[PDB]
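Line order of the protein sequences matches chains i and A. The first sequence lines up with residues 36 to 57, 66 to 463 when you count with the authors' numbering. In this text, residue positions in the second sequence follow the authors' numbering: the first is 7, and each later residue adds one. We treat Cβ as the ideally placed atom computed from N, Cα and C, and that holds for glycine. Note sheet for the following structure.
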Amino acid sequence: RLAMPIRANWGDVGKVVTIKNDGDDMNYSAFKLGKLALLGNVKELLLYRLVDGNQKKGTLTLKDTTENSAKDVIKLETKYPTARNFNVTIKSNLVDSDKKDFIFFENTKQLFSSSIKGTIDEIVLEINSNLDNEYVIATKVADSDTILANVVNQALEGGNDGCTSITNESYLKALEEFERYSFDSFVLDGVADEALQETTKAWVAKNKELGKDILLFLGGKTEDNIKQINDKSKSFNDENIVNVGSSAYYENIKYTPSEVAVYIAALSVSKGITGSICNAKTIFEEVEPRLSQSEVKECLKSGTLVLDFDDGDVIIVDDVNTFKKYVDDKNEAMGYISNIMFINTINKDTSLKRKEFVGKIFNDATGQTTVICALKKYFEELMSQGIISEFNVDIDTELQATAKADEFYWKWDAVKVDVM
Amino acid sequence: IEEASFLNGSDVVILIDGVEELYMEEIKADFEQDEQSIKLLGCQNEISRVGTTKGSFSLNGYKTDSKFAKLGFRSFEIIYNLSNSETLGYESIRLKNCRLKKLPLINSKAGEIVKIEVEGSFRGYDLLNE
């Protein structure tokens, strides 16, 4: 589950929708960067559309000619709001005057072609339910059995493009809507503006206090060299936040590090706890700027997720996070994204344990021993499965000494399998 | 004449699966082991070894709820705090992975108080205090 804030003319505005294994324009992120999200092979992708406020839906009105005075009986609209020239040609059928041929166009290429008798319900339901009408919605005006007029290439207009203006409030709409949903990761859709990244940092921090450690991915702008990339990585220090360093090519686009972050997030989500991308191959054919050992070390230490074409294919040099500029109490094993997601999973499972052992148990040494033993058994089970190599879960004495009657504190630490 | 003490059985406090169970009346638990008696070819004294261990327990008490019937054969823990108050050195024992041998759905006689009897086994034990 990757939260994808597509900057696209296609997709629903202001709503979360999912897509199974099944836009098209290169300018729209539903295909430009939706492909990047799908290539990481997450089990499914969840989309969100960023649009300027000054943007509405196109509307086309049609009227009948069976009677002398023409009156509206059918109105057509774009499926999602847009100003795209989704042209429609309606002509009287060659054989029967009572049937009207409906030809729809994306811009001018033939998308759907059919004809239905003059009763409005049949026509509208055919236009709504047919397979090739994925790019239109049709709605009735009034009950009638009359016959439309002849019109060619009628363009639905009135709205605006989905890529009209990508701005801070419009970007923040996605985070505001995603507050009500939980994902494996969230990614910024390519706009490497530091204001947006800082706003997302604050948002994810607010969620971290709430506990929703949604693994965040970002990246620098096209104008950042190794120095700028390292500085911007050093600007962040969060565990769940990442800054992809190098741009990349997949088919035609110089994808920004922020745009590459979509596919990186998809790969990270797909890999899960078991899989680590510290030495994993990636779909990309090339990444720049290139990095030697010194550049690799400098970028990794600054908190950058280094991608280099160090071999015949692109390789993620290490799966590092912004906390790779670590501090003394936490070891460098904390600075790996897979390890952070593993920590978040354990936090969720221990929250399940928390709701299992609510205040029905007394706040005495016996209840604390019960909870500690349950957590110890959980870590023993994980060790038996092989993920944990050692564990020590104990009373959080520093916080428990001043604990009131209602509150209890604990803490866990465990070693994890390495992969070179 | 210096004092002594008998651990009165009414001091027992049993926490079953964390929650304090307060209607239990008598609890038993033993840690069995197969002797693995071996007759040597030269020595006329039989020799015993640890073999493998096996737990077994039991509880009796007044019925007040369907706790055990709804619990099913789920694994659970038992604590047993044999408090001593003449000398404050209580004793606490934990039984690990307790599982019922038989679910006592129904047991009742018309002219008597309804009591619940349980028996099962446990994988291992811990001596938390003494």
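What is the rounded straight-line gap between the Cα of residue 63 of chain i and the Cα of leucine 174 of chain i? No atoms of residue 63 of chain i appear, because in chain i residue 57 is followed directly by 66.
Touch test, the segment 268–276 of chain i against the segment 333–344 of chain i, Cβ-Cβ under 8 angstroms, three pairs minimum: Yes: at least three Cβ pairs fall under 8 angstroms.
Flag residue 60 of chain i as yes if its beta-carbon sits less than 8 angstroms from any beta-carbon of chain A, otherwise no. Absent here is residue 60 of chain i, because the residues of chain i run from 57 on to 66 with nothing modelled in between.
Suppose you measure from the CA of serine 72 of chain A to the CA of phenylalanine 79 of chain A; what does that come to, to the nearest Å? When only Cα atoms are considered, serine 72 of chain A and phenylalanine 79 of chain A end up about 14 angstroms apart.
Buried or exposed: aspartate 361 of chain i, going by 16 or more other Cβ atoms within 10 Å of its Cβ? Buried, since its Cβ has 16 or more Cβ neighbours within 10 Å.
Of the residues i:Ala217, i:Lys255, i:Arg92 and i:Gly315, the one placed nearest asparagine 390 of chain i, counting alpha carbons only: Taking only the C-alpha atoms, the option nearest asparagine 390 of chain i is i:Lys255.
Sheet register partners of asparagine 135 of chain A (DSSP bridge): DSSP, once it has assigned bridges, lists A:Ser98 as partnering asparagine 135 of chain A.
What residue ranges within the segment 75–112 of chain i form continuous alpha helix (DSSP H) runs of no fewer than 4 residues, ordered along the chain? Within the segment 75–112 of chain i, the complete alpha helix (DSSP H) runs of at least 4 residues are 77–82.
According to DSSP, residues forming a beta bridge with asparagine 66 of chain A: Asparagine 66 of chain A pairs with A:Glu32 and A:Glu123.
Contact test: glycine 15 of chain A Cβ vs the ligand ZN heavy atom, cutoff 7 angstroms: With respect to small molecules bound, the structure shown includes none, and the ligand ZN cannot be examined in it.
Selection from i:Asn97, i:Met39, i:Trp45 and i:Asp115 that minimises the alpha carbon distance to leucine 89 of chain i: Nearest option by C-alpha distance: i:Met39.
Run down chain i in chain order and give the residues with a C-beta less than 8 angstroms from the C-beta of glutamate 83 of chain A. Near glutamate 83 of chain A (Cβ distances below 8 angstroms), the residues of chain i are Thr413 and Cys416.
Relative to the alpha-carbon of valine 401 of chain i, which residue among A:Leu47, A:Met30, A:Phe128 and A:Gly24 has its alpha-carbon at the smallest distance? Residue A:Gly24 is the option with its Cα nearest to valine 401 of chain i.
Please list the residues of the segment 32–63 of chain A that have a C-beta atom closer than 7 angstroms to any C-beta atom in chain i, keeping them in chain order. If the cut-off is 7 angstroms between Cβ atoms, the segment 32–63 of chain A has nothing near chain i.
CB contact below 8 angstroms: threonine 393 of chain i versus chain A: With 8 angstroms as the cut-off, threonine 393 of chain i does not count as an interface residue toward chain A.
Tell me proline 40 of chain i's beta-bridge partners as DSSP assigns them. According to DSSP, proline 40 of chain i shares a beta bridge with i:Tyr91.
Chain i partners of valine 120 of chain A, CB-CB under 9 angstroms? Within 9 angstroms Cβ-Cβ: nothing; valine 120 of chain A doesn't reach chain i, min ~24 angstroms.
Taking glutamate 26 of chain A as the reference, give the member of A:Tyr86, A:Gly95 and A:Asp132 with the closest Cα. Closest by alpha carbon: A:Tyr86.
Does the pairing of the segment 310–328 of chain i with the segment 90–97 of chain i give three or more beta-carbon distances under 8 angstroms? Note that the segment 310–328 of chain i does not touch the segment 90–97 of chain i; fewer than 3 beta-carbon pairs, one per stretch, sit closer than 8 angstroms.
Would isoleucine 170 of chain i be called buried (16 or more neighbouring beta carbons within 10 Å of its own) or exposed? Burial is judged here by how many other beta carbons sit within 10 angstroms of a residue's own beta carbon; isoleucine 170 of chain i has at least 16 and is buried.
On the criterion of 16 or more Cβ atoms from any shown chain inside 10 Å, does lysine 340 of chain i qualify as buried, or is it exposed? With fewer than 16 Cβ atoms within 10 Å of its Cβ, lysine 340 of chain i is classed as exposed.
Going straight from the alpha carbon of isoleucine 166 of chain i to that of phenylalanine 366 of chain i, what length do you get? So the alpha carbons of these two residues sit roughly 59 angstroms apart.
Inspect the beta-carbon positions of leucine 199 of chain i and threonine 108 of chain i and report whether they are closer than 8 angstroms. The answer is no: Cβ separation not under 8 angstroms.
Going along the chain, which unbroken runs of the beta strand (DSSP E) with 3 or more residues stay wholly within the segment 175–234 of chain i? Correct list: 180–183, 194–198 and 228–230.
Could you give the distance in angstroms between the alpha-carbon of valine 124 of chain A and the alpha-carbon of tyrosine 68 of chain A? The alpha-carbon atoms of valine 124 of chain A and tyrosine 68 of chain A are separated by roughly 11 angstroms.
Which first and last residues belong to the alpha helix (DSSP H) in which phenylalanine 128 of chain A is found? Counting along the chain, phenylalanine 128 of chain A sits inside no alpha helix (DSSP H), nor does DSSP assign it H or E at all.
Could you check how far apart the C-beta atoms of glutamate 41 of chain A and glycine 57 of chain A are, in whole angstroms? I think they sit under 8 angstroms. Yes, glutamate 41 of chain A and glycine 57 of chain A are in contact; Cβ-Cβ is about 6 angstroms, under 8 angstroms.
Under 6 angstroms Cβ to Cβ from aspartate 281 of chain i, same chain only, skipping five residues before and after it: list those, please. Same-chain partners within the cutoff: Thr365.
For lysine 121 of chain A, I'd like the list of residues in its chain whose CB is within less than 8 angstroms of its CB, leaving aside the five on either flank, ordered along the chain. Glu31, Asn66, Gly67, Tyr68, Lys69 and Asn113.
Could you tell me which of i:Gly83, i:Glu294 and i:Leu425 sits nearest to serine 313 of chain i, measuring between CA atoms? The residue with the shortest Cα to Cα distance from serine 313 of chain i is i:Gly83.
Is there a Cβ from chain i that is less than 8 angstroms from the Cβ of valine 25 of chain A? So, interface residue.
For the pair the segment 181–190 of chain i and the segment 134–150 of chain i, tell me if three or more CB-CB distances fall below 8 angstroms. Yes, since at least three Cβ pairs between the segment 181–190 of chain i and the segment 134–150 of chain i fall closer than 8 angstroms, the two stretches touch.
Which runs of the beta strand (DSSP E) at least 3 residues long sit entirely within the segment 132–161 of chain i? Give them in chain order. When DSSP assignments are scanned along the segment 132–161 of chain i, the uninterrupted stretches of beta strand (DSSP E) that are 3 or more residues long and fall wholly within it turn out to be 142–148 and 153–160.
Please report whether the beta-carbon of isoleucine 320 of chain i lies at a distance below 8 angstroms from any beta-carbon of chain A. For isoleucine 320 of chain i, the answer is no, since every Cβ of chain A falls outside 8 angstroms of its Cβ.
For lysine 76 of chain A and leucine 37 of chain i, what's the separation of their Cα atoms in angstroms? Approximately 40 angstroms between the Cα atoms of the pair.
Residues that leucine 134 of chain A contacts on chain i, provided the C-beta gap is smaller than 8 angstroms: For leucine 134 of chain A, the chain i residues whose Cβ falls inside 8 angstroms of its Cβ are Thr412, in order along the chain.
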